[PDB]
Amino acid sequence: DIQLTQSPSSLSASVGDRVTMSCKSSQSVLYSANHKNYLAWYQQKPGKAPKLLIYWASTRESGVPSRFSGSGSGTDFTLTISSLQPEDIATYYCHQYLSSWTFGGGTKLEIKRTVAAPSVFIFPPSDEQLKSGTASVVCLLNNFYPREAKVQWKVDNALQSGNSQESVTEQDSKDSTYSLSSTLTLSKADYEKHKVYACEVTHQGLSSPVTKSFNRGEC
Amino acid sequence: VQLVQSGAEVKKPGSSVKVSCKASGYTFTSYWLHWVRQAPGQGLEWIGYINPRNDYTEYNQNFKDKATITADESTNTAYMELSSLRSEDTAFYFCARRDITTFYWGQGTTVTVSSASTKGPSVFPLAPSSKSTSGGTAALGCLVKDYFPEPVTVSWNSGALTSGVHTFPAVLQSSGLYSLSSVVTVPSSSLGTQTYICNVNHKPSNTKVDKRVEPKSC
């Protein structure tokens with residue numbers, strides 16, 4: 001029914017910045033009986049329930065830091081964070097409760113920092129896994145910013161597809177970097193069929209792609 | 001004055017699940033109780049609500065053939081039941097109520113729908129070497145592979161080592177089994193002159209493994 005549009009979908013800002021995000025409703029959420037705007041703002045950390053920041057568009061929750069404030073009336077609302085702090089890395093949601101509940105799409109907020117190239121590490125499969133009949137090669141990208149990075153696996157210079165999987169940590173609260181871990185998995189017989197195992201890493205902090213590589217049998 | 005939801009659920013496709021939301025510290029029939037879904041990496045989606053005073057219910061159109069919300073004033077407990085579970089039902093489920101002064105959300109309940117069955121992981125070393133060294137920094141870790149369901153917990157040196165330890169989010173493999181890596185950033189000088197042990201626990205399979213990670217010379 002009443003749709004909510006949040007913008008931007010993502011925000012990057014330095015600690016201490018003033019930050020604003022907007023929420024616009026398809027219809028007015030200002031109720032005629034009490035002249036109250038049925039709009040709330042939430043902060044949500046991963047794996048956790050959303051935490052209420054603002055209710056009735058402008059009333060701040062009791063325990064919430066005074067750096068958070070809400071403004072607007074009718075169909076256009078704004079959440080402002082006066083001085084961005086490192087603990088504010090989260091996804092922010094607007095929520096209208098005038099009619100049946102609807103939510104904005106969220107604003108993912110991250111800390112902006114100096115570009116940092118990843119340290120690239122590679123781990124050959126262990127003797128224990130090989131005894132079991134499989135070989136996993138792990139490529140590690142440590143403490144880089146920004147989050148966008150490309151990891152390509154190459155076996156004897158052949159690009160690999162459909163045999164690897166990666167995961168990225170949440171942004172670190174101390175140095176505002178990300179880390180990424182990628183596992184390439186082959187059967188032991190297929191692993192023993194090739195010599196060079198390499199992960200090629202592309203990142204804004206790298207003037208050229210970096211390759212971490214090893215030869216089967218060398219470790 | 002809090003809403004307490006039942007624990008994590010792992011279900012096979014085709015089964016049903018009923019999650020509970022206990023309300024305490026207020027009058028249970030005085031406020032509508034809502035349910036909200038959040039699929040992994042996605043936003044918040046309203047499921048429906050119940051008026052516990054007269055058992056009146058309304059649902060999001062998208063959940064009409066999936067969710068049934070009930071309540072019991074006599075036990076001050078609300079329920080949300082999901083029928084004929086499928087993989088797309090894997091999500092976070094919250095109960096939430098609105099007061100005059102504030103909102104109260106439950107802590108959330110994960111529902112994981114998978115055909116896979118319980119399995120303990122193998123813990124393989126991620127051996128440090130020149131291939132995992134840069135300057136005065138070396139990386140080592142443990143690969144915790146092929147387990148179900150979540151979660152696994154990893155400590156290093158029985159909890160005595162926390163600096164430079166980061167555990168990555170698990171990845172769901174095509175087999176339907178999770179895999180996770182836990183790594184540690186250490187001074188390169190400590191390789192060979194410091195013992196590193198990863199302690200892996202998977203309680204669903206009663207798996208407990210302590211793996212020494214020893215350096216390789218390459």
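Letters go in sequence order (proteins before strands), and every chain restarts at 1.
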Measuring from atom [atom1] of [X] to atom [atom2] of [Y], what distance do you get when rounded to the nearest 0.5 angstrom?
X	Y	atom1	atom2	result
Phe63(B)	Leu82(B)	CZ	CG	8.5 Å
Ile89(A)	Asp172(A)	CD1	CG	8.0 Å
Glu128(A)	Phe124(B)	CD	CZ	7.5 Å
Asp72(B)	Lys22(B)	CG	NZ	9.0 Å
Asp88(A)	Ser173(A)	CG	OG	12.0 Å
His34(B)	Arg97(B)	NE2	CZ	10.5 Å

Determine yes or no for a side-chain-to-main-chain donor-acceptor pair under 3.5 angstrom, with [X] supplying the side chain and [Y] the backbone.
X	Y	answer
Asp146(B)	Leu177(B)	no
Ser28(A)	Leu30(A)	yes
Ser134(B)	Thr137(B)	no
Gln5(B)	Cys95(B)	yes
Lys131(B)	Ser213(A)	yes
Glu61(A)	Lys51(A)	no
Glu73(B)	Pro52(B)	no

Would you indicate whether [X], at its atom [atom1], is surrounded by more than 12 heavy atoms from other residues, nucleotides or ligands within a distance under 6.0 Å?
X	atom1	result
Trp32(B)	CH2	no
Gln2(B)	CD	no
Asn206(B)	CG	no
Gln85(A)	CD	yes
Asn54(B)	CG	yes
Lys66(B)	NZ	yes
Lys45(A)	NZ	yes

Taking the six-membered ring for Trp, are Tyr97(A) and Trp56(A) closer than 6.0 Å centroid to centroid?
yes
Verify the ring-centre separation between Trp41(A) and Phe68(A): is it less than 6.0 angstrom?
no
Could you pull out the closest heavy-atom pair between [X] and [Y], with the gap in Å?
X	Y	value
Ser58(A)	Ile54(A)	N-CG2, 3.7 Å
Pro146(A)	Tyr178(A)	C-CD1, 4.4 Å
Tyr59(B)	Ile69(B)	OH-N, 2.7 Å
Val154(B)	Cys198(B)	CG1-CB, 4.3 Å
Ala57(A)	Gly72(A)	CB-O, 4.1 Å
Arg37(B)	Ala91(B)	CG-CB, 3.6 Å

Indicate yes or no: at least one non-hydrogen side-chain atom of [X] is less than 4.5 angstrom from one of [Y].
X	Y	answer
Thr177(A)	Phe144(A)	no
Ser179(B)	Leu143(B)	yes
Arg147(A)	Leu180(A)	no
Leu140(A)	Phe168(B)	yes
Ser182(B)	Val144(B)	no
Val155(A)	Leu184(A)	yes
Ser83(B)	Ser16(B)	yes
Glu58(B)	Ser100(A)	no

Looking just at side-chain N and O atoms, do [X] and [Y] make a donor-acceptor pair shorter than 3.5 Å?
X	Y	result
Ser73(A)	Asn37(A)	yes
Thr75(A)	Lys24(A)	no
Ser205(B)	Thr118(B)	no
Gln96(A)	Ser25(A)	no
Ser136(A)	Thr185(A)	yes

Among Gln171(A), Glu110(A), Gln204(A), which residue meets the side-chain hydrogen bond (donor to acceptor under 3.5 Å, both in side chains) test with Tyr145(A)?
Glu110(A)
Salt-bridge test for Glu87(A) and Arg67(A): reply yes if a basic N is under 4.0 Å from a carboxylate O, no otherwise.
yes
Parallel, tilted or perpendicular: ring planes of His95(A) versus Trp101(A), cut at 30 and 60 degrees
perpendicular
Using 30° and 60° as the class limits, which term best fits the ring planes of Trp105(B) and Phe103(A): parallel, tilted or perpendicular?
perpendicular
Let's go through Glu150(B) and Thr112(B) carefully: what are the C-alpha distance in whole Å and the side-chain angles of both, what is the deciding distance for side-chain hydrogen bond (donor to acceptor under 3.5 Å, both in side chains) to 0.1 Å, and is it a yes or a no?
CA-CA 9 Å; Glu150(B) 287 267 54; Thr112(B) 303; over 6 Å; no
Could you tell me whether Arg98(B) sits above the aromatic face of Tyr38(A), with NZ or CZ closer than 6.0 angstrom to the six-membered ring centre and within 45 degrees of the axis?
no
